[PDB]
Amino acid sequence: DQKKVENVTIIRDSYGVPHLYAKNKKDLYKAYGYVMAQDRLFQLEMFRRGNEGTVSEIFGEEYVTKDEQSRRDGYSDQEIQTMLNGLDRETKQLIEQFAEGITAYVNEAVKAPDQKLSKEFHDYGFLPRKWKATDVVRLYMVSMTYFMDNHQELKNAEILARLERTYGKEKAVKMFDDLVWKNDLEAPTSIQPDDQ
């Protein structure tokens, strides 16, 4: 197909992938958010809830501790707004357009919910909320922080402590160096030192 949401042409190929053709980036990134919302609105809603620690409102106590973890380590809206205010004005504006695009489909779907709100919304008896640029940053933090965050330092401390109390410090120190080494010089590398 080849629709025209505003001054942006949207071509959807045989797999449904949207291809956007815009005259400027402001229009392009609004359409970007819109098509993503068309395709994945409930997923976007729940991912945002993941970051805000509000999944329990939908899926119950099984996700309370995850919600608590997310909020413990998370940010407030004002803190996220301060981050956006530190970006280039163009970058902030495009993230706003992206959110305006998502909000455009939200508004459109609540007006025709039986045809444009996916089944999960009907089954769980709630409606999607409108979107702000801060929420876009929330969708990035919820997934990308996972690959940066770990408490292995605490596991290591517990390993050495439990080894020490059973085997003595001299032996535990050697055991731990074999478990969590300082630098395995024979580990395969992506680049050699000569390539830096």
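Residues carry their position along the shown sequence, with the first being 1.
The PDB entry reports B-factors from which the mean C-alpha value can be compared for 170-178 and 7-15; the larger average falls on 7-15. When 64-72 is weighed against 28-36, 64-72 comes out higher, by mean CA B-factor as recorded in the entry. Compared with the other modelled residues of the chain, the Cα B-factor recorded for residue 93 ranks in the highest third. When all modelled residues of the chain are sorted by CA temperature factor, residue 109 is found within the highest third. Among all modelled residues in this chain, the alpha-carbon of residue 22 has a temperature factor (C-alpha) in the highest third. In this PDB entry, the Cα temperature factor of residue 151 sits in the middle third of its chain's modelled residues. Per-chain ranking of the deposited C-alpha B factor places residue 49 in the lowest third.
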